[PDB]
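Under the entry's author numbering, the first residue of the sequence shown is numbered 1, with each subsequent residue one higher.
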Amino acid sequence: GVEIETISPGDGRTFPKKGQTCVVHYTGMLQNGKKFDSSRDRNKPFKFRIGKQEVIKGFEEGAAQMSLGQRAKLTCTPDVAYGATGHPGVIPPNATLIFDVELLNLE
């Protein structure tokens, strides 16, 4: 399940399509816990493409329901990211994921 909560500004028309590479200043957060990832530290703003299952499902679907300039707030259920296995030592099993996501993309 993906629950979009958008900080408004942008254009509301420039949606990501297939074969496009988008630029995201993502910021992870665990529910009732601390951070676990941020691209604001490295300043390498994570140029990835659409439709190749490189990112997780809960982050891939949230990018399609955003536009250029928008600033969402994801809420990823455990079944779409890691909730059965759990990432080793970083993401515990059966955990709810929160993502502060900015989309200032290209293409």
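All residues carry an ideal CB built from backbone N, CA and C; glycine is no exception.
Asked: How many Å lie between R49 and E60 at the Cα?; Found: 10 Å
Asked: When DSSP builds the beta bridges, which residues end up paired with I50?; Found: BP columns for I50 are empty, so no partner.
Asked: If I follow the unbroken beta strand (DSSP E) through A81, where does it start and stop?; Found: No beta strand (DSSP E) contains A81, which DSSP labels as neither H nor E.
Asked: Which residues in the same chain as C22 place their Cβ atom closer than 8 Å to its Cβ, once the five residues preceding and following it in sequence are excluded?; Found: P16, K47, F48, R49, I50, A63, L103, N105, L106 and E107
Asked: Taking its Cβ as the centre, do 16 or more other Cβ atoms sit within 10 Å of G33, making it buried, or is it exposed?; Found: exposed
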